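**Student:** Experimental coordinates follow, after the sequence.
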Amino acid sequence: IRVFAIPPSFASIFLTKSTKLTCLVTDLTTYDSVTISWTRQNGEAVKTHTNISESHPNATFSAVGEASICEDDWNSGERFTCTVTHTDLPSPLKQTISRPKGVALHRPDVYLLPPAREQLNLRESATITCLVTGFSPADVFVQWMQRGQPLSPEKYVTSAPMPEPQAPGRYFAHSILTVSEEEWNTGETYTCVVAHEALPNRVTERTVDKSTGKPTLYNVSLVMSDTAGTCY
Amino acid sequence: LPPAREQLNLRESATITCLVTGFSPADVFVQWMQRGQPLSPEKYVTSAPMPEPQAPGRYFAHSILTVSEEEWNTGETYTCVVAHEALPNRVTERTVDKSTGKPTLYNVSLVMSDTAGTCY
Amino acid sequence: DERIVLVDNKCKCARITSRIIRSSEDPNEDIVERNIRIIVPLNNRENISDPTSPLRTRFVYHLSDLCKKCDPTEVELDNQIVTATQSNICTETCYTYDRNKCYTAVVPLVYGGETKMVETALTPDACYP
Ligand SMILES: *[C@@H]1O[C@H](CO)[C@@H](O[C@@H]2O[C@H](CO)[C@@H](O)[C@H](O)[C@H]2NC(C)=O)[C@H](O)[C@H]1NC(C)=O
């Protein structure tokens, strides 16, 4: 029996404006003897709603507990613990989740790399990478789009942040999206959207296509008329 | 109209021309200025409105100012203030100068870059 | 110090300077020089406020509509003060961005079904809210 506690994310705060706590419990044999509750440091009771999921193929059951807390409760760093009690566990399981302090704010940087030249020759698929680096803390939210249409959560993948060996305190992550070769050869556009607290407007976006980003040639035309006009 | 090239070779004087045209009715007031102070009236002569042969109902007039050649070569500025009833703001102004005229040189320069997408 | 700036456009990044060189010694044989400096962007698109617009590969620079004055000036006539129109010639396209200006956009953000449109920053840094 293992318990996973997920602290609230910045995206959930921005796009929903309601701080929530979740301590998922798995590897449960009986769902009629489970209880999920949250207790404060001083012992004040917190209202928690417990939900029961379906039956997993491995003869296990998962319980989901969603509870409403004030943004201050989490942002203050107040240490919270989720209480899980079961008849098969001689001692209740306790998990400690909190937000660390002494963290500065650093604006992240975003760059897109176009698909490799020798990948398009096979005419199978193309891969685009969105590299975001130089940020703290380590909670980011990257979403891909195609000419204003949000893309499905399944066509792109993202990686957990990892420390940067060069400069400590600044992290990085990247998102990889695949596309059809003909679709990319047509000339469609793609956008990378990242949400973080350090940004002034809190969201930034960048756009790449076939004509921009490692192109083959540059075609320019210039016209300069009325060169002998009145200036005064 | 800036002074003629064949006039300044005599090292004597210059002549600037302020031309007002195509207006109705035939009422016009022209006055010259320099550095914001009115010039002496004699330095210039203004004529009466005259009909335009190519357009019925329209007139035109002229004004002539005389200045020294060294003053024009120094780089002084002049102004022609014209007032007529049909103007949107009733007063118009133009300025002529030696530097802002016909240039002998056109040093054009063009710089191409793929990263300078903004200009301060 | 020896050059005077006439126009300092930012959208077309155009800058014009004029200067008189005292060539030889005759006052009537001094040349008048006009310099034009243009910086063209190769990555910006047709509409700088819409990332989906196609790329731009044609640039037109009219000098008659660049060195133009469009602000009423005050003139003293010894009996009153009046406002005077500098030129009668007075939708222009902005090729490049302006540092003194902020460029923003609207983008749909989906999360758990709900869609929250949020103001973005097309420019890298520019100004802050
Ligand atoms: C260039 O893009 C801008 C921004 O999309 C266009 O102007 C916007 O038009 C929409 C409606 O279509 C309005 O909601 C916005 O308020 C407009 N922007 C501003 C700043 O007023 C503009 O029309 C586009 N230009 C062309 C030629 O397509």
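**Tutor:** That came through, no problem. Residues are numbered from 1 along each chain as shown, chains lettered A, B, ... in the order given.
**Student:** Up against the ligand, what does chain C have?
**Tutor:** Residues of chain C that fall close to the ligand, judged by CB under 6 Å from any ligand atom: C:47, C:49-50. The way it works is simple: take the backbone N, C-alpha and C, and place the C-beta from them, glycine included.
**Student:** same thing but 8 Å
**Tutor:** C:46-50, C:53, C:105 (CB under 8 Å from any ligand atom).
**Student:** In these, which residue is surrounded by the most others?
**Tutor:** Per-residue neighbour counts (other CB atoms under 10 Å in any protein chain shown) across the residues of chain C next to the ligand peak at residue C:48, which has 22 neighbours.
**Student:** What separation is there between it and residue C:94?
**Tutor:** Distance, residue C:48 to residue C:94, by CB to CB, to the nearest Å: 6 Å.
**Student:** for residue C:55, same thing?
**Tutor:** 16 Å.
**Student:** Next up, the contacts around the spatially most central residue of chain A.
**Tutor:** Taking CA atoms, centre = their mean, the centroid of chain A lies closest to residue A:141, which sits 2.9 Å from it. Going by CB atoms under 8 Å, 6 or more residues apart in numbering or on different chains, residue A:141 touches A:9-11, A:194-196.
**Student:** Now narrow the residues you listed to whatever sits close to chain C.
**Tutor:** A:11, A:195 (CB under 8 Å from any CB of the partner chain).
**Student:** just the buried members of the contacts of residue A:141?
**Tutor:** Among those, those that count as buried by neighbour count (16 or more other CB atoms under 10 Å in any protein chain shown) are A:9, A:11, A:194-196.
**Student:** and the residue nearest to the centre of chain A, what are its bridge partners?
**Tutor:** residue A:195 (DSSP bridges).
**Student:** Distance-wise, check it relative to the ligand.
**Tutor:** Counting by CB to the nearest ligand atom, to the nearest Å, the separation of residue A:141 from the ligand is 25 Å.
**Student:** try residue C:42
**Tutor:** 20 Å.
**Student:** quick one, what contacts that residue?
**Tutor:** A:218, A:220, B:112-114.
**Student:** picking up where we left off before, overlap in contacts, residue C:48 and residue C:94.
**Tutor:** Listed as contacting both residue C:48 and residue C:94 by CB under 8 Å, 6+ apart is no residue at all.
**Student:** So what touches the helix or strand encompassing residue A:175?
**Tutor:** Per DSSP states H and E, residue A:175 falls inside strand A:171-180. Under the criterion CB under 8 Å, 6+ apart, residues A:125-136, A:138, A:140, A:142, A:144, A:151, A:155-164, A:188, A:190, A:192 lie in contact with strand A:171-180.
**Student:** buried stuff in the next helix or strand after that strand?
**Tutor:** Downstream of strand A:171-180, the first helix or strand assigned by DSSP H and E is helix A:181-186. For helix A:181-186, a neighbour-count test (16+ other CB under 10 Å) marks A:181, A:184 as buried.
**Student:** Show me what helix A:181-186 is packed against.
**Tutor:** Counting contacts by 3 or more CB pairs under 8 Å, 6 or more residues apart in numbering or on different chains; DSSP states H and E, helix A:181-186 packs against helix A:117-120, strand A:125-135.
**Student:** of all the residues of chain C next to the ligand, which comes closest to residue C:114?
**Tutor:** Among the residues of chain C next to the ligand, residue C:105 lies closest to residue C:114 (CB to CB), at 20.1 Å.
**Student:** Can you name the residues that contact the closest one?
**Tutor:** Contacts of residue C:105 by CB under 8 Å, 6+ apart are A:205, C:49-51, C:119-120, C:122.
**Student:** Would you mind listing which of the contacts of strand A:171-180 are buried?
**Tutor:** Using 16+ other CB under 10 Å as the threshold, A:126, A:128, A:130, A:132-136, A:140, A:142, A:144, A:151, A:156, A:161, A:190, A:192 are the buried ones among those.
**Student:** which of the residues you listed lies closest to residue C:101?
**Tutor:** Distances from residue C:101 to these, taken as CB to CB, are shortest for residue A:192 (23.7 Å).
**Student:** Now residue C:50. Nearest residue, chain neighbours left out?
**Tutor:** Nearest non-adjacent residue to residue C:50, counting by CB to CB, 6 or more residues apart in numbering or on different chains: residue C:105, 7.8 Å away.
**Student:** host element of that neighbour?
**Tutor:** Per DSSP H and E: residue C:105 is located in strand C:104-107.
**Student:** ok, that strand: who's next to it in the sheet?
**Tutor:** Using DSSP bridges, the strands paired with strand C:104-107 are strand C:118-121 (antiparallel).
**Student:** Not counting the partner strand itself, show me its contacts.
**Tutor:** A:193, A:199-205, C:102-107, C:109.
**Student:** With stretch C:84-98 instead?
**Tutor:** B:81, B:87-89, B:91-93, B:116-119, C:10-13, C:39-41, C:44, C:48, C:56, C:59, C:64-65, C:68-75, C:103, C:123, C:126.
**Student:** Mind picking the two most distant members of the contacts of strand C:118-121?
**Tutor:** Using CB to CB, the two most remote members of the contacts of strand C:118-121 are C:102 and C:109, lying 20.2 Å apart.
**Student:** neighbour count winner among the two?
**Tutor:** Between residue C:102 and residue C:109, residue C:109 has the larger neighbour count (other CB under 10 Å), namely 20 against 16.
**Student:** distance of the nearest residue to residue C:46 once chain neighbours are set aside from chain B?
**Tutor:** Leaving aside its sequence neighbours, residue C:46 sits nearest to residue C:53 (CB to CB, 6+ apart; 4.3 Å). For residue C:53, the distance to chain B equals 14 Å [CB to the nearest CB, to the nearest Å].
**Student:** Under a three-state scheme, what state does residue C:53 occupy?
**Tutor:** Using DSSP: H, G, I helix; E, B strand; the rest coil, the structure places residue C:53 in coil.
**Student:** how about it, what does it touch?
**Tutor:** C:45-47.
**Student:** Pull out the buried residues from the helix or strand hosting residue A:23.
**Tutor:** Applying DSSP H and E as the criterion places residue A:23 in strand A:19-28. Going by neighbour count (16+ other CB under 10 Å), the buried part of strand A:19-28 is A:19-25, A:28.
**Student:** what element comes up after that strand heading to the C-terminus?
**Tutor:** Going down the chain from strand A:19-28, the next helix or strand is strand A:35-39, by DSSP H and E.
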